[PDB]
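J.:
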Amino acid sequence: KXXXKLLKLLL
Amino acid sequence: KXXXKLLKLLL
Amino acid sequence: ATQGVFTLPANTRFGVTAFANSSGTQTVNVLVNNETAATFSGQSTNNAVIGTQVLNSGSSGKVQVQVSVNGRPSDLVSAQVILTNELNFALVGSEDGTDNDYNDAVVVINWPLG
Amino acid sequence: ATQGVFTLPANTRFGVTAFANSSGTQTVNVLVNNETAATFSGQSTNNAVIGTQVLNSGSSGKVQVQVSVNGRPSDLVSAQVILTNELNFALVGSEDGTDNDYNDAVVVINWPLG
Amino acid sequence: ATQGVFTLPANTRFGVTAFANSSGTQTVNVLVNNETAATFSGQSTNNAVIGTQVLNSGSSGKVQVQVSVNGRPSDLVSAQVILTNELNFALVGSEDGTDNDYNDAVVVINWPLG
Amino acid sequence: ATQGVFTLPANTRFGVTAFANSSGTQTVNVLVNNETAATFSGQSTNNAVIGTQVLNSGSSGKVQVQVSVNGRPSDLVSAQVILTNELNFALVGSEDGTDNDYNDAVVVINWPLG
Ligand SMILES: *C(=O)C[C@@H]1O[C@@H](C)[C@@H](O)[C@@H](O)[C@@H]1O
Ligand SMILES: *C(=O)C[C@@H]1O[C@@H](C)[C@@H](O)[C@@H](O)[C@@H]1O
Ligand SMILES: *C(=O)C[C@@H]1O[C@@H](C)[C@@H](O)[C@@H](O)[C@@H]1O
Ligand SMILES: [Ca+2]
Ligand SMILES: [Ca+2]
Ligand SMILES: [Ca+2]
Ligand SMILES: [Ca+2]
Ligand SMILES: [Ca+2]
Ligand SMILES: [Ca+2]
Ligand SMILES: [Ca+2]
Ligand SMILES: [Ca+2]
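So the sequences go chain by chain: C, L, S, P, H and B. If you're matching positions, the first sequence starts at 3 in the numbering used here and goes up one per residue. If you're matching positions, the second sequence starts at 3 in the numbering used here and goes up one per residue. If you're matching positions, the third sequence starts at 849 in the numbering used here and goes up one per residue. If you're matching positions, the fourth sequence starts at 849 in the numbering used here and goes up one per residue. If you're matching positions, the fifth sequence starts at 849 in the numbering used here and goes up one per residue. If you're matching positions, the sixth sequence starts at 849 in the numbering used here and goes up one per residue.
#1: Cβ of P:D923 versus every heavy atom of ligand 10: is any distance shorter than 6 Å?
#2: I need the straight-line Cα distance from S:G906 to S:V878, nearest angstrom please.
#3: Say whether the stretch 915-929 of chain B touches the stretch 883-903 of chain H, bearing in mind that this needs 3 or more beta-carbon pairs closer than 8 Å, one atom from each stretch.
#4: In chain order, which continuous runs of the beta strand (DSSP E) of length 3 or greater are located wholly inside the stretch 893-943 of chain H?
#5: Would you grab the beta carbon distance between B:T865 and B:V917 for me? Rounded to a whole angstrom, and I think it's under 8 Å.
#6: At a cut-off of 6 Å, is C:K10 close to ligand 1 when judged by its beta-carbon and the heavy atoms of the ligand?
#7: Between which two residues does the beta strand (DSSP E) harbouring P:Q874 extend?
#8: Which whole-angstrom value is the C-beta distance of S:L939 and P:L931, which I expect to be below 8 Å?
#9: Anything in chain B within Cβ reach of P:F888, meaning under 7 Å, just list it in chain order.
#10: If B:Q912 and B:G852 are in contact, beta carbons under 8 Å, what's the gap, nearest whole angstrom?
#11: So which residues touch the region around ligand 6, with touch meaning a C-beta under 7 Å from any heavy atom?
#12: Let me see if you follow: with CB-CB separation under 7 Å, is residue 843 of chain S close to chain P or not?
#13: According to the Cβ coordinates, are P:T855 and P:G909 closer than 7 Å?
#14: Could you list which residues in chain S have their beta carbon closer than 9 Å to that of residue 966 of chain B, in chain order?
#15: Would you verify that the beta carbon of H:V925 is, or is not, closer than 7 Å to some beta carbon of chain P?
#16: Could you tell me how far apart the beta carbons of S:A849 and B:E934 are, in whole angstroms, since I believe they sit closer than 8 Å?
#17: Taking a cut of 8 Å between CB atoms, which residues from the stretch 943-958 of chain P lie near chain H?
#18: Give every residue of the same chain whose Cβ lies closer than 6 Å to the Cβ of H:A927, excluding the five residues on either side of it in the sequence, and list them in chain order.
#19: Measuring CB to CB, does S:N869 end up less than 7 Å from S:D952?
#20: So with CB distances below 7 Å, who are the chain H contacts of S:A849?
#21: Hey, does S:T860 have any beta-carbon neighbour from chain H nearer than 7 Å?
#22: Going along chain P, which residues have a C-beta under 7 Å from S:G863?
#23: Compute the beta-carbon to beta-carbon distance between S:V925 and S:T875, rounded to the nearest angstrom, for a pair I have assumed lies under 8 Å.
#24: Have a look at the DSSP bridge pairing and note the partners of H:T855.
This is the structure in structure tokens:
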């Protein structure tokens, strides 16, 4: 959920 | 177990 | 390596059961001989059973488990274990995120049945 | 060799799920630290889930599965398997008779959860 | 449950390797269709390889491992694990005494070869 | 998923043994907490033992197996199996080419010893 999920997508 | 026999051989 | 693909004995009934442990809705596809034979879906962070079914492995015995979460295939880990040369488990874990708990959808295949 | 006994990480949530494949009604006893923490009783010859529950391994981590049929203890087989150093299965099969299919109750413990 | 018996694919080469961790001299017998195909013997408390060999699984593919110490059968534990639906391990531990370490002779069977 | 990484108990002696089944010369590196602790090299298409050694898992318990052929990392597959809650195997297969036999170097880690 949340943080780690968005960062994985942006990278 | 087994050390009884090897010591009998070695000593 | 390829993961989540198993050769079962041909023409043999087997169970397949999926559990969910993720914020994401899991979609678990079970293919037999390269065609979808069951699809389970659901969401849980407490290991809820999201599907259980008996299937037949058919003429090829080829069973494949695929897991998708928000449109992306999850990374899979798997192995088969045999106990007392009789009781078989084909096990799958899957990771939809970054924490690498590999439990986001957990799939257990077991045979023989009955 | 002792079977059905596993040391989980202490104070850790785990799933336990039991499937039945026998004419006999199966009673599955799950002990945590030598005390019964869950019991499942059911009958199926088609791999039905006769129970699923989330438990906690407690301060000792000791989990034990016992299976009986009409009060007679079934013979057990088990192993633990770890995938990608993270995803854990503790697996139990049991035999209540003489055909040695070892599926009469099948019990799968998995962790981590969440 | 019976331990140390595995069904390999018929007529297939496999490796068998034994290690010793005991004060007692280990005798490991490897049977292919119920006939002795190899015997390893040695003593080590430091995991020495007491034998390694390539055998053919024969007509039936049935391979059995037996372990004795000065003629007395050890208690056996075993399982088979398949990785990526291709690489097989058949694993045996054995216990000659009272400490339940099951490493007194450890036998690993692996296939395919080549 | 990461493969070939295992968390052993800290300060525990373990065996590591590697077998080769490939035309390519195999290099097996065993890291203990990210520092090379042993390296085996050899070539066989007949399951020859290319090395065996006893190591200590050290303060972290982290053991990592890396396999390369002339510096090129092979694809790895792995799992850990525990029998009778006591006997541990950490298993690695590796693929240096296209045939997916995963046996090109096979690595077995076993503990406890003695
Ligand atoms: C967020 O969506 C990530 C996701 O859900 C978390 C609750 C946790 O189960 C995590 O492992 C999973 O990848
Ligand atoms: C005899 O002493 C017991 C025997 O040898 C020990 C050194 C130890 O390896 C033990 O596990 C084995 O049963
Ligand atoms: C009879 O009670 C034996 C029993 O039930 C059978 C239907 C079959 O599942 C068998 O394996 C089980 O022991
Ligand atoms: Ca996750
Ligand atoms: Ca999760
Ligand atoms: Ca039965
Ligand atoms: Ca049955
Ligand atoms: Ca012992
Ligand atoms: Ca020992
Ligand atoms: Ca290869
Ligand atoms: Ca090969």
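For each residue, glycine too, the CB sits at the ideal point set by N, CA and C.
T.: Here's the rundown:
#1: Not under cutoff, so the answer is no.
#2: For S:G906 and S:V878, the distance between alpha carbons rounds to 13 Å.
#3: No, because fewer than three Cβ pairs between the stretch 915-929 of chain B and the stretch 883-903 of chain H fall closer than 8 Å, the two stretches do not touch.
#4: Listed in chain order, the beta strand (DSSP E) elements of length 3 or more contained wholly in the stretch 893-943 of chain H are 910-917, 923-931, 935-943.
#5: In this structure, B:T865 and B:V917 do not form a Cβ contact; the two beta carbons are roughly 19 Å apart against a cut-off of 8 Å.
#6: No; taking the cut-off as 6 Å, the Cβ of C:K10 has no heavy atom of ligand 1 nearer than that.
#7: Under the DSSP assignment, P:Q874 falls in the beta strand (DSSP E) whose first and last residues are 861-880.
#8: Taking 8 Å as the upper bound for CB-CB distance, S:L939 and P:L931 are in contact here, some 7 Å apart.
#9: The contacting residues do not exist; P:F888 stays about 22 Å from chain B at best.
#10: Sure, about 6 Å apart at Cβ, within 8 Å.
#11: Every residue whose beta carbon comes nearer than 7 Å to a heavy atom of ligand 6 appears here in chain order: P:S870, P:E943, P:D944, P:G945, P:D947, P:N948, P:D949, P:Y950, P:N951, P:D952.
#12: Absent from the model: residue 843 of chain S. The displayed extent of chain S is 849 to 962, so no value can be given.
#13: Cβ atoms of P:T855 and P:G909: closer than 7 Å.
#14: With chain B running from 849 to 962 in the structure shown, residue 966 of chain B is simply not present.
#15: Closer than 7 Å: yes.
#16: About 29 Å; that fails the 8 Å criterion.
#17: Contacts with chain H (Cβ-Cβ distance below 8 Å) from the stretch 943-958 of chain P involve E943, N948, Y950, listed in chain order.
#18: Shown here for H:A927: same chain residues with a beta carbon closer than 6 Å to its own, the five before and five after excluded, namely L939 in chain order.
#19: Yes, the Cβ-Cβ distance between S:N869 and S:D952 is below 7 Å.
#20: Within chain H, the residues near S:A849 are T932.
#21: Chain H contact via Cβ: absent.
#22: Within chain P, the residues near S:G863 are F867, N895.
#23: About 18 Å separates the CB atoms of S:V925 and S:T875; that is not less than 8 Å, and the two are not in contact.
#24: In DSSP, H:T855 forms a bridge with H:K910.
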